[PDB]
Every structure is written in structure tokens, then in C-alpha cells.
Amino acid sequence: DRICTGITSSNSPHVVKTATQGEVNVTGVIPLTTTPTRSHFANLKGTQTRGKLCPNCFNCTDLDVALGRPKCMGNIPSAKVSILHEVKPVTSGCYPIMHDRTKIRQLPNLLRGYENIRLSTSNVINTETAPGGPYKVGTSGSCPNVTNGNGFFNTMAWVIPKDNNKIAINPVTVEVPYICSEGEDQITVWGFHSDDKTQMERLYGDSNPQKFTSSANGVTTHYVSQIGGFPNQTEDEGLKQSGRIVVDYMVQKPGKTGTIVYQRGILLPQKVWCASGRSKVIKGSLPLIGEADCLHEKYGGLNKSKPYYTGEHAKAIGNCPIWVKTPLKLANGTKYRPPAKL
């Protein structure tokens, strides 16, 4: 008899590409990819994941906390991974800010980029020795404190000239010292109050526009105040006010000082942020539901099965599948053969 070597013949619906034979049908494949489906965001497995800056600060937005709004101070956990859930953060209390006249909205998003975030215990500037005659610190009904008394953003001091000091001044300069610990960035919050013509003179003895200038790390910023005719209060405490404040932040790298040149209405920095390390940040939404191998900006929380995935590529952190252009298959069978003429 004649005994020969042979290869099977079976249903071969699967196709793979080869270098030397082009596309070929095969009896079986191992799929290397899946297309994920959109899910809720979640905690990253093996890593505590930051959402809100201060989780236990209820009825407080991240921007509220970052500005040091009264009643909005609390434990701020360190985190190696953070979720950016507000592309344009809003306030929900305290004195009315004209937010979009500065970069201030992104301040909490800047903070969450650090692993460790803490507020300083000391004031970075002494209101009692600050340039521009003698001051008293102002308070407001829009900012009730922890004993429910009238207060203000803990990051700032609303200084109002004493009765012997109700007069216009030349722009005076204050040096803002670095008071944070080794390796920490200092993020200094400051601004200026303004009002209509009548209130300006009562408070400051000057109803002309006031000018303000900051300098840090080669970056200079210049502002000129507005006297009356303000846009309406928004994202605030809800108590009617005739004035508005403008708020800004100033980043000071380790051992670096900043300066603020100012006139009337200045909000001097007090408590400053001290921050170190890096937190890994992606866009997501709240609340974080459950646990996942991987956080993905398009698909939210997902667990890893296949080594690769197809679909919408986006930023992702954790134990993630690697994005590929096409649904790759690994051949697990033989190239198609027509049945032999027996």
C-alpha cells in the first residue's frame, strides 16, 4: 500500500495576514482584541484614587476648598492617581468672584496634579506689617466661619485701611516668602476687592481704578480693577453684594519668592498650599463605583482580559490593554485546504 503524510480539511471562516502568502483562511484563531464598552469610573486596583480634593467637605466644590472657603477645610488625602471631573471648576459659596478674568478656576485642577496637598498653618504675609499704611482685616456675611461668624477665604486677607489711612496710595510692593517644606511647591492665592464709587471711598478713600502686578518664575501678570457696573454674582453664597473680587494664584517653586505690587483693595495671601509629588491624572466622572484594573477616559473603569483592544484610543492608567488599529487574531489551526479528490 501507499502511506502518505496529510493535513486536515475543515471549515475555515477565519482570516489572518502573512508576510509571504498574503491573507489566508484558517481553521481556528485566538482573538487578541476586544472592543470595550463604556462603564462608570471606579477605584484603581491597588491605588487609592482621588476624586474630590476633600471628600468629607460636604456641599463644597474643589474650587471652594482650593480658595480656602470657610467651613470647607478638611482632610485632604494623598493620592498617586487623581480624576479630573471638572474641566472648568466652579465655586458654590462665599464672596462673589469674577472668575473668568483670571486663571483661578483651574487652581484645584493644578492641585490634584500633586500627590500631597496641604494648607500652610502660618500666614505667608503679616497684615499688620504689610505696606500701604495700617489695615484691619475685613469679613463678610457671605463667608460664615466654623463658629458661624463673619469671615473670608482662609487663603487671603481682605485688608481695609484704618480711619487714619483712608487715602490713595502709590503701588506698594510685598515680597511673598517661601514657607513650605523641602521639595514642596508653594501655591500662593491672592487677589483684589473692588466696588462701586461710593463704597470704594468709604472703604479705601479712592474711587479710581486700582492696579495690581505679580511676578514669579519670570512670569508677570498685570490687572486693573473695575469701579462699579459689575456682572451679577454667580457661584457664590447668594447674599447680595455691591462689590466683586478678582482672585489669582501664583506658583512658587522650592526656595523661590514672589512679589505682589498693589494699591487699594488688595487681598493679601495668608494660608498657602504646600504640595509635593505627582498624581497621575485623567479625565473622568463621579462617583467612582467599585474597582477596576484600568481607568480609561472614554470607557471608564474596565478590567483587563485580552492583551490588546480596539476602539477609541484615549488616556488610560493602570493595568490596561494596549490599543491597536485592527482586531488582531493569532492563528490557531491550519491554512484552508479543499477536500482531496479521493
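All residue numbers are counted from 1 along the displayed sequence.
When the Cα temperature factors in the entry are averaged, is it 43 to 51 or 313 to 321 that ends up higher? Here the higher of the two C-alpha B-factor means belongs to 43 to 51.
Could you check which stretch, 257 to 265 or 139 to 147, carries the larger mean CA temperature factor in the entry? Between 139 to 147 and 257 to 265, it is 139 to 147 that shows the higher mean C-alpha B-factor.
Highest Cα B-factor in the PDB entry belongs to which of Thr188, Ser122, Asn170, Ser215? Comparing C-alpha B-factors across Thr188, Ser122, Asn170, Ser215, the top value belongs to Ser122.
According to the deposited entry, which of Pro307, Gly68, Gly300, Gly290 has the largest Cα B-factor? Spelled out: the listed residue with the top C-alpha B-factor is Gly290.
If you rank every modelled residue in this chain by C-alpha B factor, which third holds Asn11: lowest, middle or highest? According to the entry, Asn11 has a C-alpha B-factor in the chain's highest third.
Looking at the temperature factor on the CA atom of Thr34, which third of the chain's modelled residues does it land in? CA B-factor rank for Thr34: middle third.
Thinking about Cα B factors across the chain, which third does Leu330 belong to? As the PDB entry reports it, the C-alpha B-factor of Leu330 lands in the lowest third of its chain.
When the modelled residues of the chain are sorted by Cα temperature factor, does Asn59 land in the lowest, middle or highest third? For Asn59, the deposited C-alpha B-factor lands in the highest third.
Modelled-residue ranking by C-alpha temperature factor, third containing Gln233: Tercile = highest for this residue's CA B-factor.
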